[PDB]
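So this first bit is one chain, no partners, the form deposited in one PDB entry, shown in structure tokens.
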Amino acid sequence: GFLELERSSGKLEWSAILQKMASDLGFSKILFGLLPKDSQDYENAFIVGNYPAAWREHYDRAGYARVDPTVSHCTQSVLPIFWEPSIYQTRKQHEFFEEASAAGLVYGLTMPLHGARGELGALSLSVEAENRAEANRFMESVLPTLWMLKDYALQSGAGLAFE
């Protein structure tokens, strides 16, 4: 399933299944973020996951939506962006990397979300890996599954979030 996310009964069970799927696949931290079509800000955002509260708060308070290189990437692509040194170009972006790392989120990837009704978002997952080599090996072995996952999460989440 393949169906279990769509066949979840409400936000709570959806969130838990999503987090559990991620957990089973090997990702201890996930965040699904979705905005309605042509959103001006994040006032109508549907954001669900198990990222630490302190980090969620820090990201909001620091305005990191405007710094985070995965955000801009999502506006330009349907392909995943892996969390690697090359995506952090400016000192501001390097600072974001360091703060995310301090919060425990070092290795991972962000999958852009583009819904059939203009929904815009991202599914981010972090793996608690020993090092970059181990992180990449793990991520390669799960990537095709995660690629299907992001679209199922999008289709179901959008239905749950905006109708």
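In case it trips you up, residue 1 is the first one in the sequence shown, and so on. In this text, the rigid core denotes the largest set of C-alpha atoms whose superposition between the two forms falls within 1.5 Å.
Absent from the display: the form deposited in another entry. The rest refers to it.
> For the list 44, 136, 101, 50, which one shows a CA move of 2 Å or more between the shown form and the other one after the core is fit?
Replying inline: Among the listed residues, the one whose C-alpha moves by 2 Å or more is 44.
> Is residue 8 one of the residues whose Cα moves 2 Å or more between the shown form and the other one, with the core superposed?
Replying inline: Comparing forms between the shown form and the other one, the residue 8 CA shifts at least 2 Å.
> Closer or farther: how do the CA atoms of residue 44 and residue 65 lie in the other entry, compared with the form shown, if the change is at least 3 Å?
Replying inline: Those two alpha carbons end up closer in the other entry.
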